[PDB]
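opening piece of the complex, as it sits:
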Amino acid sequence: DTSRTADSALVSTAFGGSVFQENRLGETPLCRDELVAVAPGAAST
Amino acid sequence: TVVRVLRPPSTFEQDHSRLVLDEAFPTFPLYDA
């Protein structure tokens, strides 16, 4: 089943790509934490 | 007993999630202003 592969495994392209990500100016102003952060797709619990 | 503590993040993106009930167990047919 595709659900098993999607849940217990992830796509290798996410592993290959860069992990850290930047953010934009447009919310009520960010702090240091929000400035450079891990991409939500790459982050795992 | 306390297991976890969490904080609401200031970031938000609208999920727009479409939930589907996977009909693994179809129910019995409905029979009779």
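Ah, there it is. Numbers count the residues shown, from 1 in each chain, chains lettered A, B, ... in the order given.

what about stretch A:31-42, near chain B?
Yes. Using C-beta under 8 Å from any C-beta of the partner chain, stretch A:31-42 comes into contact with chain B via residue A:34. Heads up, the C-betas are built off the backbone N, CA and C, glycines and all.

endpoints of that stretch, how far apart?
Start-to-end span of stretch A:31-42 (C-alpha to C-alpha, to the nearest Å) is 22 Å.

which residues touch it?
Outside stretch A:31-42, the residues that touch it by C-beta atoms under 8 Å, 6 or more residues apart in numbering or on different chains are A:14-15, A:17-23, A:27, B:10-11.

another chain to add, chain C:
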Amino acid sequence: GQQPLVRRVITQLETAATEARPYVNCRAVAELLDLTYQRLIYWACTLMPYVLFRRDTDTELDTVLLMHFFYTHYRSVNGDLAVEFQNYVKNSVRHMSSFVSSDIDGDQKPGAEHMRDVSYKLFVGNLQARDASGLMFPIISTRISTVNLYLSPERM
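Chain C added:
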């Protein structure tokens, strides 16, 4: 106008001092005149009006900077400056984005360290706000190419 009143009253005080001028030798009158002059000059340096600042060549950044300096050096009685700031920021919304950086690179630029406060309480829309939260805002572009096109050299 408050300026002519200040001028005439300080002229009266000068005439009074001239009447009291000749006996400058005495230590009592020395300290009396010393304290009088201290108080009057400390009051006069703060009670400056804001008429002379506005110029036709002044840009949006120049005007907000002039009234920002007015706030940070004179807030005793001139309380409408914040209201004028709030009114003016809505006028220059399109012009405010021309002289700013991206988020990620603006903070590392030289000289943004000292101007972070003026920038923060420029963007927030209230000069009474305090940057205690350590937030990162669109940092102002201090480059000469941007400054010349967006500022005036006289009000640096």
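
please re-evaluate the contacts of stretch A:31-42 in the presence of chain C.
Residues outside stretch A:31-42 that contact it (C-beta under 8 Å, 6+ apart): A:14-15, A:17-23, A:27, B:10-11, C:103-104, C:133-136.

pull out the buried members of those residues.
With burial judged by 16 or more other C-beta atoms under 10 Å in any protein chain shown, the buried subset of the contacts of stretch A:31-42 is A:23, C:103, C:135-136.

out of those, which are close to chain B?
On the criterion C-beta under 8 Å from any C-beta, residue A:23 are the entries of the buried ones among the contacts of stretch A:31-42 that sit beside chain B.

would you point out the most distant pair within the buried ones among the contacts of stretch A:31-42?
Taking C-beta to C-beta as the measure, the buried ones among the contacts of stretch A:31-42 span a maximum distance of 12.6 Å, between A:23 and C:135.

ok, now chain D:
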Amino acid sequence: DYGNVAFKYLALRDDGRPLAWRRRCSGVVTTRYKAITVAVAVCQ
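With chain D added, the chains above now look like this:
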């Protein structure tokens, strides 16, 4: 002397809760690290 500005700053900042700006800002592993952990555990 402390020998460092940051040493003195972080030593005299010890008032009540440790970090204040971190609270003020009001703010999970890379999937590659999870994968390499799983692979290394399996291999070992």
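
please look at the contacts of stretch A:31-42 again, because chain D has been put in.
The contact list for stretch A:31-42, computed with C-beta under 8 Å, 6+ apart, reads A:14-15, A:17-23, A:27, B:10-11, C:103-104, C:133-136, D:21-22, D:24-28, D:30-32.

pull out the buried positions in that stretch.
Within stretch A:31-42, the residues that count as buried by 16+ other C-beta under 10 Å are A:31, A:33-34, A:37, A:42.

from the contacts of stretch A:31-42, which ones fall inside helices?
Among the contacts of stretch A:31-42, the ones falling in helices (DSSP state H) are A:14-15, C:103-104, D:21-22, D:24-25, D:31-32.

just flag the most distant two among these.
Pairwise across the ones in helices among the contacts of stretch A:31-42, and taking C-beta to C-beta, the largest span is found between A:15 and D:24, at 34.8 Å.

ok so, going back, from the ones in helices among the contacts of stretch A:31-42, which is closest to chain B?
residue D:25 (8.8 Å; C-beta to the nearest C-beta).

fine by me, thanks again.
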